[PDB]
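Tertiary structure, described
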Amino acid sequence: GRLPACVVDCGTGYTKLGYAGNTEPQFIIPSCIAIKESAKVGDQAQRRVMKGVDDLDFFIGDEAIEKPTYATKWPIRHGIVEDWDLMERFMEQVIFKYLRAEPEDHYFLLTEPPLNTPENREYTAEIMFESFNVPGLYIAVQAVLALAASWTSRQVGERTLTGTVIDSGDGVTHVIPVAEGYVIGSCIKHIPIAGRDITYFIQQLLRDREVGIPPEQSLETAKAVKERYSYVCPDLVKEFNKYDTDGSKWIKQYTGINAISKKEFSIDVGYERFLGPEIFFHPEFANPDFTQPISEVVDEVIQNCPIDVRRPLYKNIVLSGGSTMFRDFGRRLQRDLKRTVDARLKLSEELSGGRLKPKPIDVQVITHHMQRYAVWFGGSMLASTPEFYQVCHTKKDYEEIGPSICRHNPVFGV
Amino acid sequence: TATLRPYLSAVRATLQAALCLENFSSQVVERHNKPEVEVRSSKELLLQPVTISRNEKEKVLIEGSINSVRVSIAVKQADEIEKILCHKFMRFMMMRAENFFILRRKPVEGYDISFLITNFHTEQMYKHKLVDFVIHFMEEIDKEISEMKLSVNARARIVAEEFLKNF
Amino acid sequence: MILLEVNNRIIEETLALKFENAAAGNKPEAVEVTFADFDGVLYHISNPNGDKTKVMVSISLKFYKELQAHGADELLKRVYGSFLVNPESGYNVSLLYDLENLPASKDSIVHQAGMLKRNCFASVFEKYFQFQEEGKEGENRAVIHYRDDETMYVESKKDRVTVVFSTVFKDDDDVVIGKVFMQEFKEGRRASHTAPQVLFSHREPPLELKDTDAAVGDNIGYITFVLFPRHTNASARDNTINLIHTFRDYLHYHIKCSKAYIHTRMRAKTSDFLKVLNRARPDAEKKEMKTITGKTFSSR
Amino acid sequence: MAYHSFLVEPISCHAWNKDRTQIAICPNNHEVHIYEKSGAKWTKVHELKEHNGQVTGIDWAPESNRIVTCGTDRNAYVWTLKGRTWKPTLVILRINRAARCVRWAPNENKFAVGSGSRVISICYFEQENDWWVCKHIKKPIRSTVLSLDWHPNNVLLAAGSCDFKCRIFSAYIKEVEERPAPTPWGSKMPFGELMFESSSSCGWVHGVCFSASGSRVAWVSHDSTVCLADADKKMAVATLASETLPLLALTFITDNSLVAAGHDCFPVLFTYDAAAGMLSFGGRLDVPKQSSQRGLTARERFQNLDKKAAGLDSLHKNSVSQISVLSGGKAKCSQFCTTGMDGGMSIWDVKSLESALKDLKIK
Amino acid sequence: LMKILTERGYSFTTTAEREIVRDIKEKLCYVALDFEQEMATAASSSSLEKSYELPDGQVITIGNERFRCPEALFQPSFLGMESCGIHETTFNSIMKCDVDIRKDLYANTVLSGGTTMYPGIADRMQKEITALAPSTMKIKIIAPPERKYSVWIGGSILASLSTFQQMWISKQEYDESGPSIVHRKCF
Amino acid sequence: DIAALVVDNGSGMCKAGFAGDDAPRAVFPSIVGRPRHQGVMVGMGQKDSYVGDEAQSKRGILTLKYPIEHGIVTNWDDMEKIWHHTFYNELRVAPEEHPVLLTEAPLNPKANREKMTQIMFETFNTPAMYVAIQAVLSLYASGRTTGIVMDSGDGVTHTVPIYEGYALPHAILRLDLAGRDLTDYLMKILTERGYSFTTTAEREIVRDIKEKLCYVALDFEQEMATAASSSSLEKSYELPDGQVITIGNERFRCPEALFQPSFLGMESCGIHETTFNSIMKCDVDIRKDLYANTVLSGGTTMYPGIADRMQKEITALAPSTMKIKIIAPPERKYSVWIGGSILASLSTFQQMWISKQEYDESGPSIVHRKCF
Amino acid sequence: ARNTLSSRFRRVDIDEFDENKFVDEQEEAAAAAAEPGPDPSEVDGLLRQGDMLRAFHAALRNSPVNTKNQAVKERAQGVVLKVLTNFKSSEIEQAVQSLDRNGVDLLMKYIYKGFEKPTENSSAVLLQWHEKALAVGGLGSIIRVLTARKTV
Amino acid sequence: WXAXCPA
Ligand SMILES: Nc1ncnc2c1ncn2[C@@H]1O[C@H](COP(=O)(O)OP(=O)(O)O)[C@@H](O)[C@H]1O
Ligand SMILES: Nc1ncnc2c1ncn2[C@@H]1O[C@H](COP(=O)(O)OP(=O)(O)O)[C@@H](O)[C@H]1O
Ligand SMILES: [Mg+2]
Ligand SMILES: [Mg+2]
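Presented here is a report on the structure given in the accompanying data block. (Residues numbered from 1 in each chain as written, not as in the entry; some residues may be left out. Chains lettered and ligands numbered in written order. Part of a larger assembly, values for the part shown. Heavy atoms only, no water. Residues with missing side-chain atoms left out of burial classes, pairs and counts.)

**Concerning the overall build of chain F**
Which entries qualify depends on this criterion: To qualify as a helix, a DSSP run of H or I must reach at least 4 residues; to qualify as a strand, a run of E must reach at least 2; elements of each kind are numbered from the N terminus. Note that the radius of gyration is over C-alpha atoms, with the globule rule given as 2.2 Å times the number of residues to the power 0.38. Every residue pair with non-hydrogen atoms within 4.5 Å of one another is taken to be in contact.
Helix and strand counts for chain F stand at 13 helices and 19 strands. Taken against the 2.2 N^0.38 rule, which gives 21 Å for 372 residues, the C-alpha radius of gyration of chain F at 22 Å falls within 12% of a compact globule. Over its C-alpha atoms, taken along the principal directions, chain F stretches across nearly 70 × 65 × 35 Å. If you take every contact in chain F between residues at least 6 apart in sequence, the share linking residues at least 24 apart comes to 68%.

**Quick notes on the site of ligand 1**
All names here are of chain A. Which entries qualify depends on this criterion: Each residue is tested against the molecule or strand, and it is near if at least one of its non-hydrogen atoms lies within 4 Å. In protein, a polar contact means a hydrogen-donor-capable atom and an acceptor-capable atom, both N or O and within 3.5 Å, with residues adjacent in sequence counting only if both atoms are side-chain atoms; elsewhere, any N or O pair within 3.5 Å suffices. Every accessible area reported is derived by Shrake-Rupley at a probe size of 1.4 Å, with residue values counting cover from the shown protein chains alone. Amino acids outside the nonpolar list (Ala, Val, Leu, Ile, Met, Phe, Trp, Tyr, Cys, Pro) and the charged list (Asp, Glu, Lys, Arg) are all regarded as polar, and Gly is one of them.
Close contacts around ligand 1 come from 16 residues, with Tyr14, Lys16, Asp170, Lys226 and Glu227 the closest. In this structure, an oxygen atom belonging to ligand 1 sits 2.8 Å away from a side-chain N or O atom of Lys226. For ligand 1, an oxygen atom lies 2.9 Å from a polar atom in the side chain of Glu227. Here ligand 1 loses 90% of its free accessible area of 560 Å² to cover by the protein chains. Grouping the amino acids of the shell around ligand 1 by side-chain chemistry returns three nonpolar, seven polar and six charged.

**Digging into the interface of chain C and chain A**
For the record, the criterion: Two parts placed together each lose some accessible area under a 1.4 Å probe, and the buried area is that loss summed for both. Whenever a carboxyl oxygen of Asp or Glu lies within 4 Å of a side-chain nitrogen of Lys or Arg, that contact is scored as a salt bridge.
Each partner contributes residues to the interface: chain C has 38 residues there, and chain A has 38 residues. Summing the contributions of chain C and of chain A, the shared interface buries around 3,500 Å²; its carbon and sulfur component is 53%. Together, C:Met1, C:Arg9 and C:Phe38 form the three largest contributors to the area buried by chain C at its contact with chain A, with a combined 18%. For A:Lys395, the salt bridge goes to C:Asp171, with nearest N and O atoms at 3.1 Å. Inspection of the region where chain C meets chain A yields 14 residue pairs in polar contact. Those elements giving two or more residues to the side of chain C that touches chain A turn out to be α1 (9-23), β1 (33-36), α7 (172-183) and α8 (237-277) of chain C. By residue number, the principal contributor to the side of chain C that touches chain A is α8(C), which donates 15 residues. Within the side of chain C that touches chain A, the residues separate by chemical class into 15 nonpolar, nine polar and 14 charged.

**Observations regarding the site of ligand 2**
Residues and elements named next belong to chain F. Close contacts around ligand 2 come from 16 residues, with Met13, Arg207, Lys210, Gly299 and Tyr303 the closest. With respect to ligand 2, the backbone of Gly12 contributes an N or O atom lying 3.1 Å from an oxygen atom. At 3.0 Å, a side-chain N or O of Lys210 approaches an oxygen atom of ligand 2. The protein chains hide 90% of the 570 Å² of surface that ligand 2 would expose on its own. Listing elements by their share of the shell around ligand 2, those giving two or more residues are β2 (13-18) and α6 (200-213). Per element, the largest residue contribution to the shell around ligand 2 is three residues, and it comes from α6.

Quick look at the structure:
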């Protein structure tokens with residue numbers, strides 16, 4: 001008989017492991033690896049050669065953050081794997097320790113961001129096909145699986161196959177318009193500004209103002225401040241004024257534990273309540289290359305799709321990923337989008353001569369019960385169908401053509 | 001080594017009989033400047049492909065042209081372990097084919113590795129040093145693969161000792 | 001991780017979560033989790049007939065028939081008590097935890113629930129340990145089909161227990177590296193002064209497999225462990241069972257880590273060859289000093 | 001005698017003016033750089049930038065002081081010196097592939113551009129329209145035209161090709177000059193005629209050159225062979241097969257002796273014996289120089305111990321690509337300039353070279 | 001030097017005059033090859049005295065003190081310290097290494113720092129180590145005339161290497177690990 | 001021309017060459033060195049391990065380990081590296097182009113030669129190989145067909161009687177007592193003077209001292225009394241740091257352990273009694289032929305005046321009517337290899353190799369059936 | 001996106017049907033009257049007799065360096081390889097030094113054509129032949145081998 | 001050795 005396919009959604013800040021056919025990932029670990037690192041001289045490809053069996057003395061996931069004598073490395077940066085040695089070791093413990101899957105009896109469904117270079121896919125195919133020897137692989141785009149995770153929380157008869165998926169993870173934020181089940185790939189947008197940029201901005205804010213934060217935790221604090229006291233503001237300068245004139249109400253206190261002497265430190269959370277998420281509607285706060293808000297990027301995405309599929313795309317904007325769990329994020333997004341759309345419609349009516357008043361475009365932003373792991377569940381659907389075993393790259397295909405079998409994805413033509 | 005000395009001398013003497021490259025603009029397309037051995041568009045700018053072989057299964061195929069040379073190497077592979085290691089090693093060499101300016105991301109079918117030296121590589125880089133690099137690769141690849149094999153054996157022994165120690 | 005572990009993580013995690021939700025007094029939610037393990041084992045944690053108060057953990061194995069033999073459930077019964085119930089349709093063993101009758105110290109039952117496969121294996125294996133302890137020669141010797149193309153022939157004598165693994169790997173690269181990993185397996189007895197006699201053979205099957213249906217062929221390897229009464233006593237048989245159980249999976253695991261090991265040496269040698277090529281690039285006469293980003297220096 | 005390296009990138013082609021005080025070179029890009037001899041050092045005086053692709057042929061007419069440049073953009077330009085700047089006049093070549101070589105005629109009334117379109121373009125002037133026009137010689141040619149050299153009678157034209165053949169066409173233009181006088185090559189000389197076609201079928205022809213008196217045509221092949229066809233002997237071919245790397249350029253220093261160079265980086269001298277009809281290896285012209293070694297500093301020792309864990313005994317460190325005659329003409333030469341793919345420019349001397357080696361006799 | 005300059009009659013006591021004393025030291029002081037001979041010489045004839053002009057016109061004359069200041073480097077008993085001199089320190093450091101490399105260390109002794117710029121300190125170090133090393137080892141004191149800047153010059157050599165880009169402590173690596181990363185990335 | 005390789009591959013010194021020569025092409029100590037510190041200088045020779053003479057040169061910063069111990073291979077990951085350095089760095093010849101002739105001491109674990117064959121065939125893919133006993137090769141080099149060889153190898157001593165080419169495998173004797181044990185004994189007795197040698201880099205110096213100053217005494221008690229009564233027997237040696245040591249009485253106490261293992265706390269008997277017993281193990285009717293053809297070998301029998309001591313001891317042991325003649329050629333240090341270069345070059349031997357296909361058929365256990 | 005129109009008109013390679021492509025001429029006398037090359041019977045007779053130098057010279061007496069027939073070329077190549085790979089390793093220098101410059105320029109072609117189809121020990125001797133022929137003829141011989149238009 | 005003596 002057949003065994004369920006393994007689903008491994010490898011994200012920059014968190015990896016979701018499971019067996020296809022379930023409702024939620026069996027494991028959600030941090031995407032980090034603790035290896036023994038010491039003071040050495042020479043290149044990186046030369047000091048990584050470990051004598052004996054010392055290359056198996058490493059940990060991953062939750063067990064890699066606890067280890068205080070190991071060095072913690074993150075192999076994935078901005079969704080693109082920058083280190084393949086650490087990624088191979090991470091994958092081998094993901095398969096042989098957590099999933100406990102024999103990699104020769106299970107099809108694998110990995111994930112990727114839209115702008116993953118083809119050489120990354122070729123290296124992933126080389127790893128899964130020659131090292132782990134999987135009978136089949138399928139590298140699906142991350143946000144396109146997040147659409148089929150909003151159907152579990154919406155009433156019957158309004159579970160559509162058309163919508164704009166906004167996936168904001170730890171390292172990348174991408175916008176994918178799906179229409180009737182077909183990924184409109186030539187309209188996908190991809191911005192490397194995401195949760196971790198918010199965490200760097202927040203720690204730089206805290207470090208310029210607060211005192212008493214242990215250095216070795218200056219990041220771990222900026223996550224607990226970001227994922228707890230952060231919201232979205234309707235206006236920036238008005239919020240600065242609201243904090244200045246009535247600071248006794250808007251300024252909160254965060255009390256953490258210094259995990260060396262177990263003492264407690266206390267800091268004041270002020271402007272970084274609303275300046276964190278604001279790098280979504282002002283990306284220049286974290287990366288001066290991008291200057292375009294997320295509402296305008298979504299509007300460009302939808303306005304580039306075919307005409308008669310623009311009106312349903314506005315109706316089912318599905319959020320996904322952790323970085324979209326900010327209070328009143330969807331509300332401000334929908335407000336800006338409604339402003340843009342109504343202004344465009346009124347301009348078109350005025351240019352027409354003033355005879356017809358067209359239907360106001362319904363704009364809706366869908367928050368659902370599965371956002372934190374909306375991608376994985378989507379995979380758990382796709383990798384549970386029969387047709388799945390018809391779209392995978394069989395081992396024969398790799399043995400015949402080579403890793404170049406995995407070189408194409410729906411973002412580029414030919 | 002000293003068992004490859006005449007074979008390597010012949011290969012080196014054939015390398016610097018080719019590699020006398022010149023600048024040349026294409027004839028079958030308006031302004032492109034492409035290596036004439038890769039496109040095979042004109043049969044008049046292609047010299048005879050010369051093979052130099054030490055035995056049945058170790059050889060070098062040299063395909064010359066007016067602005068390019070393609071040197072394909074079929075390396076010695078004694079058993080299956082050496083075959084696997086040679087495949088993986090040549091693959092890890094192809095991965096960095098922009099640091100090796102004269103390398104080729106895919107070997108010619110039937111051969112293990114392939115170098116493609118155009119005329120820019122002989123105008124901007126030392127020619128005799130490119131010849132020396134090719135000959136040094138041919139000298140040392142067998143030794144390095146044998147050391148890989150010994151490393152695999154040592155890994156197997158360490159794994160066996162790590163298991164049978166717990167009983 | 002060098003040695004594979006015997007406890008499954010998903011079972012422990014799910015059951016501990018359910019027991020924390022039940023002990024705090026929250027209302028129980030549905031659960032339906034199907035997954036797999038090594039050697040083609042299939043687990044299913046669900047509820048019996050939508051009853052959200054009971055959690056049934058079922059397991060389907062490959063040694064289907066050897067566990068149904070009389071006396072192959074002594075260990076399972078002894079360890080699981082009242083949790084052992086009739087198998088769920090399609091599965092082979094099944095435990096049933098009532099979320100309202102859970103005893104105190106919920107850590108022990110979860111630690112023994114994560115080792116369900118190890119316990120099903122040790123139950124069909126301690127039969128011969130006992131056949132040898134009780135001083136009886138010629139006791140029953142069988143072939144556990146612990147996989148689908150590989151076998152484990154167990155035999156119990158008056159003074160020893162012989163375990164013959166008939167093993168074969170699926171992939172060609174894995175076969176070629178496994179020949180080495182199995183040839184070099186007798187060199188392990190130099191690491192300990194007390195290790196079971198290990199014999200390797202791939203020319204011809206041993207004389208134990210000439211009356212039995214253990215898998216034989218010209219692509220199969222035979223590894224014979226001779227466990228003596230110092231490895232099968234009532235105090236060191238747990239470790240012996242764990243090792244004999246996870247031996248094949250451990251060998252497969254390390255065969256698949258050998259490649260990720262070799263890749264580092266290959267990268268090192270690739271860089272060493274790039275350094276030999278670098279002698280061809282003529283050193284520049286003057287370089288423009290840039291910034292960490294790569295922009296012009298903007299100053300002297 | 002000297003050696004000057006203008007740049008580290010190759011020099012495609014160079015040209016001197018009448019009094020050999022200025023040189024026009026190609027820096028391996030679209031521009032043409034005109035340097036001037038100022039005492040002992042060179043100083044760039046002009047930059048001519050009109051081409052879209054890198055120039056492949058420059059030629060400087062001595063008497064009229066007009067430069068002609070042909071490049072890989074299928075175009076040709078005639079630069080004239082207005083006051084202080086060189087202004088270009090575009091010539092319509094009507095080719096569909098990159099041009100390869102250009103040569104002024106001896107009388108500076110027309111110029112020949114050999115291109116990779118399997119044609120030769122004889123360009124001349126139309127003062128009725130101020131129109132640089134061109135005619136085509138394209139019949140027996142089957143590949144690129146690599147090298148050109150004009151007969152001293154302003155009509156015949158030697159052309160080497162990548163079709164392994166050296167030919168002698170007749171570039172007579174009946175609207176800029178009179179009917180020419182009969183030469184030992186043939187009495188019938190209409191435009192596009194074929195007076196001579198070598199019998200070689202191996203190796204491309206990198207360089208052709210007419211004699212000083214226009215009675216002998218010599219050429220070099222990629223086959224390592226240097227050949228000379230004599231017209232006073234029923235167009236007889238005398239070949240010499242060398243045992244070194246091929247040659248790329250050659251010239252006539254006397255009516256009997258040739259100076260070639262190529263992928264060896266040093267000039268060699270050949271001689272012709274008319275009383276026997278056979279070439280003789282006169283020998284290497286350059287004396288092998290001993291390149292001084294330099295002690296390494298600590299910054300350079302570690303820089304090339306981390307990064308990388310002269311071999312040639314001539315002036316040029318890359319193959320020599322063009323040889324020109326500086327002073328003395330082709331009847332009795334005294335200085336010849338060589339430019340190669342290393343950016344260097346070696347001004348040689350025949351007297352000093354003949355003095356340094358006494359085993360070297362110039363026929 | 002500030003201490004021993006009092007016995008002559010000059011008193012520098014404020015932190016602004018310590019700079020004057022440092023200039024006097026680095027312009028006049030030097031190392032004596034044979035301490036007792038130089039003492040007996042400068043104490044029996046006025047042929048070693050040098051005159052230095054203070055920044056206010058006063059001129060002072062120092063004799064015996066000239067080589068008594070740097071001599072403290074070779075016998076810290078003057079400063080009331082117990083540790084051995086710098087020559088014996090170097091010899092001990094050498095003797096702590098294994099026996100097969102000492103011969104290669106003796107012929108490759110390198111000086112640096114601006115305190116080893118005293119005239120005639122290389123000869124003193126050679127004469128002192130040669131008295132402590134076996135009579136067959138060749139002692140070379142490689143003191144280049146650019147010794148004061150040597151520690152920096154080696155730095156520019158190091159930071160200009162190709163592989164050194166793989167030894168940085170990237171800002172990103174610190175943002176996630178605090179100051180405790182220098183003990184892992186730098187020995 | 002193509003000829004078999006002869007690799008002695010002793011316990012202390014690896015000697016390899018081509019068959020048909022009269023001297024080994026490459027001779028180097030069979031040690032493997034690995035650094036025990038951490039480099040600080042960028043790009044300066046960062047490599048895993050040194051082997052052979054390179055390890056001896058840089059022995060200051062390495063920890064040296066011998067792969068072969070007492071004639072037994074105890075670390076295969078290092079023996080493989082030794083053979084790799086022999087093939088690709090010393091001889092500089094491809095391994096799969098020539099047959100190989102390996103040597104092994106007698107009375108050795110069968111696993112040793114089985115693994116030797118497995119390594120030579122699976123790893124290096126040699127087309128043929130052979131594992132001959134060292135004493136037999138020594139006798140072949142001596143140029144006779146009868147006698148008793150006493151190969152006091154550095155790692156191991158052994159005696160093998162042979163008569164008319166018929167080896168007697170029931171009279172072979174092996175004694176694990178050789179150069180390395182004498183080196184350790186010299187290290188232990190040098191402390192009396194005050195010189196302390198502990199690390200391996202110092203054991204190499206002690207071996208260089210043994211190989212130069214030590215000599216065997218014709219009469220032990222006489223030499224002891226002479227060295228005690230007069231300081232005319234002391235020698236001076238200069239360590240490689242300038243220090244000078246003077247060893248007297250110790251000079252003849254190190255090699256005296258060979259004739260009196262009781263010094264090293266062993267129950268065994270000296271090499272003289274070992275040879276005498278190995279002779280008396282043979283049938284009587286040939287003993288005389290052995291008495292007059294005693295042959296020495298190995299680098300541990302190069303001590304000055306060892307032939308005289310051996311002859312005196314055996315004459316005292318054997319009856320007083322047999323002619324004792326200790327055949328000690330001045331080239332004995334390479335005899336084990338020399339005979340190899342003879343045996344592999346014979347024309348009646350080319351049918352005694354272990355062909356690759358024979359191994360592929362019968363497993364690595366064929367060495368017991370083919371090699372004696 | 002993807003293309004939903006017919007793009008099969010891009011697979012047809014019209015360049016192989018061009019009319020201005022390069023065609024290698026051959027002489028009309030060299031195309032009409034083909035030269036059979038060496039006489040193999042004479043070579044086997046001179047080899048059985050045991051004279052190596054004269055058999056060598058008879059192998060290079062005349063060659064199909066003008067014909068276009070593959071059978072004669074292959075047969076001549078076979079005979080000259082049979083002569084080359086049967087010399088003693090010592091008499092190679094003497095045989096090479098008994099050839100004119102054209103003899104060496106043809107021997108190098110017969111060498112470089114023997115590497116393409118090697119046997120148990122053919123290449124091990126052809127490499128010595130190449131060593132001697134390069135010592136005599138230099139890189140010019142290898143270049144006249146590369147830049148030839150009719151292979152032997 | 002394995003038993004008796006080290007090797
Ligand atoms: N509730 C939350 N509010 C704000 N940010 C969050 C929340 N949960 C997670 N994040 C941020 O999102 C990132 C993890 O989300 P995830 O979707 O797992 O990204 P990835 O899948 O790329 O790892 C982290 O950077 C985290 O700080
Ligand atoms: N002249 C000598 N006198 C005393 N001992 C020596 C002499 N030469 C070598 N030795 C010692 O004997 C050994 C040399 O034996 P050798 O022939 O190399 O056998 P193996 O190959 O087993 O090492 C070394 O350990 C060395 O220290
Ligand atoms: Mg994600
Ligand atoms: Mg020996």
